[PDB]
């Protein structure tokens, strides 16, 4: 270290990421350990085997995603720390702790309903793996040796704009469209509501990061759009795979009179993807 900002000066109290950090502390008190999952255990046990499975693809996607994101944010925190972006780092401590609670929430649900011993990796197809097993850690880990604006934009695009701003947001919507209607899994849905609220700050950090780089040179806008489009095939290829699992196993939909509109879910994904694009201004 050559010096310390809070010895030479203070935190930059007006910095957007300090304000986001402050909001994260105010809004981040929830604890997955307090969620009552006992009704969820009864719901899951009440289900037939073919209804039991209906929910597992989505939980498998979230549980791996939360865990990937918990591990893979560390290089972003490092890169920004090394750039002396102290307020970003303070905020990223809330981001990382949020994702830890997200991992915890889904794992507590799996334990409570009796599937913790079940290996849910069978529900990760090639497109999911390309995003979460490969493209996400590649883009983040790159920041250890290459913290160029190109690398940081690509990292924020994959992590915050695609994984969180497209897939996670759409998954929260899907959970609600399906189980909130069914009256099922109230503990899980309480957790989803807290995850979704945290996610708002995570996406805003991505937007801030990408926009501040675009702000220095509008040609980075083109890079942002390009990286969004490179991942789209895998995003929809996973969505299509989940859709086809749902269409092939309809008993939960039948039993609970959910006219599950998979083409409305698909449209919600397309819509999320397009509005994330629109939250980055070329100028």
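Residue numbers count along the first chain shown, from 1.
- As recorded in the PDB entry, 178 to 186 is the stretch of 150 to 158 and 178 to 186 with the greater mean C-alpha temperature factor.
- A summary of the deposited B-factors shows that, of 29 to 37 and 47 to 55, the stretch with the larger mean C-alpha value is 47 to 55.
- Ranked by C-alpha B-factor against the other modelled residues of its chain, residue 267 falls in the highest third.
- In the deposited entry, the Cα temperature factor of residue 170 sits in the middle third of values across the chain's modelled residues.
- Remark: residue 80 belongs to the lowest third of its chain, ranked by C-alpha B-factor as recorded.
- Sort the modelled residues of the chain by CA B factor and residue 193 lands in the middle third.
- Ranked by Cα temperature factor within the chain, residue 259 sits in the highest third according to the deposited record.
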